[PDB]
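Heads up, the thing below is written out as structure tokens.
There are 2 protein chains.
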Amino acid sequence: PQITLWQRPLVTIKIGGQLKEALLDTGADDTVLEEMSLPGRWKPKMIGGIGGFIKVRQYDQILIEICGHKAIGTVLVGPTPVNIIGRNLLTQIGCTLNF
Amino acid sequence: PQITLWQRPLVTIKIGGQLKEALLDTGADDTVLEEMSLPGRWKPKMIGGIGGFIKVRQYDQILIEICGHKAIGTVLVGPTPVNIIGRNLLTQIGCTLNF
Ligand SMILES: CC(C)[C@H](NC(=O)N(C)Cc1ccccn1)C(=O)N[C@@H](Cc1ccccc1)C(O)(O)C(F)(F)[C@H](Cc1ccccc1)NC(=O)[C@@H](NC(=O)N(C)Cc1ccccn1)C(C)C
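Each protein sequence line maps, in turn, to chains A and B.
Residues 1 to 99 in the entry's author numbering are what the first sequence spells out, letter by letter.
Residues 1 to 99 in the entry's author numbering are what the second sequence spells out, letter by letter.
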């Protein structure tokens, strides 16, 4: 699909059997979802942005589907204001910026 | 041009006639630049991100050129780690996400 940027680029993902809405974000190196139970072990990590650092749990090799495109990769879960799909999974689904 | 997302999407911009580097960020509503003195009066504003809020000064009607494409709009200046070009200016240069 070709997404214009007049509105926030929010899409539907499927994660853990669950549907959620998430922002396609080229500024983020990582994927950060709001707090949720995923199956598997996790380890604590900190990540930062404007404002500061938050503590997240890192889960590895998680399957996700973004508009029907599968990606398998690391997902951080923590008190994010919004679910963010970062470059780790955008490259998997073949996303580019074009102008 | 087309930009892959294996690396952070940093490009050169020109603002006041100097080159700087900045991240093309589809997750940002606003454009946020490193501290600089611009002529012009401003309005105070608070912006949020992952870890909390910071304070910035809002200037209106700034011309930037992103990789040769002009855009004119609001810019927020404050102590950001990175210069961020958000959607407010990305739409003006005809930027899309494609997968
Ligand atoms: C710059 C801010 C104004 C902007 N806020 C914003 O647009 N809103 C609050 C409005 C909004 C937008 C969408 C939804 C809701 N509300 C913002 O931080 N928006 C970010 C996404 C987000 C939206 C809403 C709430 C929390 C995060 C973002 O798009 O700018 C981002 F995710 F790309 C920001 C851009 C950034 C990078 C580095 C430092 C500071 C900022 N990245 C991050 O926050 C991410 N951090 C990250 O990628 N880091 C630290 C590595 C990095 C990347 C690039 C360069 C250097 N270092 C985390 C999510 C893991």
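Even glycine gets a Cβ: it sits at the ideal position worked out from N, Cα and C.
Going by the C-beta, is B:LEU5 closer than 7 Å to any heavy atom of ligand 1?
On the second sequence, residue 5 of chain B is found 5 positions in, with the first residue counted as 1. No.
Does the segment 32-42 of chain B come close enough to the segment 7-22 of chain A to have 3 or more Cβ pairs within less than 8 Å?
These segments do not touch.
Excluding the five sequence neighbours on either side, which residues of its own chain have a C-beta within less than 6 Å of the C-beta of A:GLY73, listed in chain order?
Reading the first sequence from its first residue, position 73 is the one you call residue 73 of chain A. Contacts found: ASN88, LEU89.
Check whether the segment 37-49 of chain A and the segment 1-9 of chain A are in contact - that is, three or more C-beta pairs closer than 8 Å.
No, the segment 37-49 of chain A does not touch the segment 1-9 of chain A.
Quick check on the burial criterion: 16 or more other C-beta atoms within 10 angstroms. Buried or exposed for A:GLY52?
Your numbering for residue 52 of chain A matches position 52 in the first sequence. It counts as exposed.
Relative to chain B, which residues along the segment 42-59 of chain A have a C-beta separation below 9 Å, given in chain order?
For the segment 42-59 of chain A, which is checked against every Cβ of chain B, the residues closer than 9 Å are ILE47, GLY48, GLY49, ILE50, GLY51, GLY52, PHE53, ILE54.
So for B:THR91, helix, strand or coil by DSSP?
For the purposes of this step, residue 91 of chain B is identified with residue 91 of the second sequence, where counting begins at 1. Looking at B:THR91 - three-state DSSP - the assignment turns out to be helix.
How would you call A:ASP30, buried or exposed, if buried means at least 16 neighbouring beta carbons within 10 angstroms?
The sequence position of residue 30 of chain A within the first sequence is 30, counting from 1. Buried, by the Cβ-count rule.
Tell me, which residues are paired with A:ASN98 by DSSP?
By 1-based counting over the first sequence, the position of residue 98 of chain A is 98. Note: A:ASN98 sits in a beta bridge opposite B:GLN2, B:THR96.
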